[PDB]
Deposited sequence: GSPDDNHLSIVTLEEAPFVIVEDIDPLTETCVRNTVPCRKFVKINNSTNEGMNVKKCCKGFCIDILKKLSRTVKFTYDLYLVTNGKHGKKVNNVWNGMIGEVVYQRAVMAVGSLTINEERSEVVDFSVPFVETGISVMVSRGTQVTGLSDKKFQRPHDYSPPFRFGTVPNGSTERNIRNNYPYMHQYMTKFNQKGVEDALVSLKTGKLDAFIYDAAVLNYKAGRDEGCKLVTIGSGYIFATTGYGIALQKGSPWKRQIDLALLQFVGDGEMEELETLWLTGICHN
């Protein structure tokens, strides 16, 4: 019982999805399947063979080798990272909860409500909530009065997040006025948000610290920056989600702690996350 069903989600540079050789998965890529629908009037669809790489994919390769398991990697199609709807989990969290996956590998934020339904590994990427602005925008951080009391300003500060993830959940829990205000500025994804920040349609973009630090490091002309020295509110980490009571957790934690000690994590950070800016 060594061959494991593993779920992932694309989010550069953590998980990058590519098309297969027009015949298999070359280089540092691993095979990952994605279930694609024939149409929207059916449940019928087909698995499309893709290729996966990135920081989290390298961690999965090291774990597979160290912990001695083989796997069938697939991309989640029902939601993204994980959202609880009327006590029903979707995304990568849902796949683990409903036992369609042994583990979820990716840019998956550890938080209290997810920890109630899945077991998380020790953290292996430092993250939390950061604020991206165009260089020169004056905000102290998430607790600035421009965020906390937006209508005290003329015109009010325009800021949003990509909903349904750990960032929105945290803001909903901590800052009720800010949350109900932000919803008109919900962004479909990170690429749309960055373009809204550049087209002057958004003043600030609040999201996962690790992904924003990466995007700031590669921004063309280094126009978009994270506030402070890349300050992190609600500090947390990415972790591997495993089913509660999983026999795999002990060895995965021990292997991740071994990787940090040997400087193997620092190498992955150099290879995938560092940038020009």
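> Let me make sure I understand the coverage. Which parts of the deposited sequence, in order from the N-terminal end, have no C-alpha coordinates here?
Unmodelled stretches: 1-4, 27-28, 284-285.
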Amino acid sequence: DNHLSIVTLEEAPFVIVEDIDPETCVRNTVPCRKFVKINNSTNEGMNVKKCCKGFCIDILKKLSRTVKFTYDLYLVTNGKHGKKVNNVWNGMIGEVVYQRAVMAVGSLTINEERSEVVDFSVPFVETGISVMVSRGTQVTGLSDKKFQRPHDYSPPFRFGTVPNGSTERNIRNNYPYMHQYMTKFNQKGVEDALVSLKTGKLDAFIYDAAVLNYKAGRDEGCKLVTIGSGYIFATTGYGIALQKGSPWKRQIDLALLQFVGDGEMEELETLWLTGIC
From here on, numbers count along this sequence of modelled residues.
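> Answer yes if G263 is missing coordinates in at least a third of the other compared entries, and no if every one of them models it.
That residue is present in all of the other compared entries.
> So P13 is built in this one, but is it left out in a third or more of the other compared PDB entries that include its neighbours?
No, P13 has coordinates in all the other entries compared.
> So which stretch wins on mean C-alpha B-factor, 53-61 or 218-226?
Comparing averages over the C-alpha atoms only gives 218-226.
> Once you work out the mean C-alpha B-factor for both 192-200 and 73-81 from the entry, which is higher?
Comparing 73-81 with 192-200, the higher average CA B-factor belongs to 192-200.
> Return the residue from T167, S143, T183, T109 that has the highest Cα B-factor in the entry.
Each of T167, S143, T183, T109 was compared by C-alpha B-factor; the highest is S143.
> In terms of recorded Cα temperature factor, pick the maximum from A234, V211, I240, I38.
Max CA B-factor in the entry, restricted to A234, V211, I240, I38: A234.
> In terms of the CA temperature factor given in the entry, to which third of its chain does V67 belong: lowest, middle or highest?
Answer is middle: the recorded C-alpha B-factor places it there.
> By the recorded C-alpha temperature factor, relative to the other modelled residues in its chain, which third is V30 in?
Tercile = middle for this residue's CA B-factor.
> In terms of the chain's CA B-factor thirds, is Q138 lowest, middle or highest?
For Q138, the deposited C-alpha B-factor lands in the highest third.
> Lowest, middle or highest third: which one holds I6 when the chain's residues are ordered by CA B-factor from the entry?
As the PDB entry reports it, the C-alpha B-factor of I6 lands in the lowest third of its chain.
> Going by the CA temperature factor in the PDB record, which third of the chain does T161 belong to: lowest, middle or highest?
Lowest third of the chain for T161's C-alpha B-factor.
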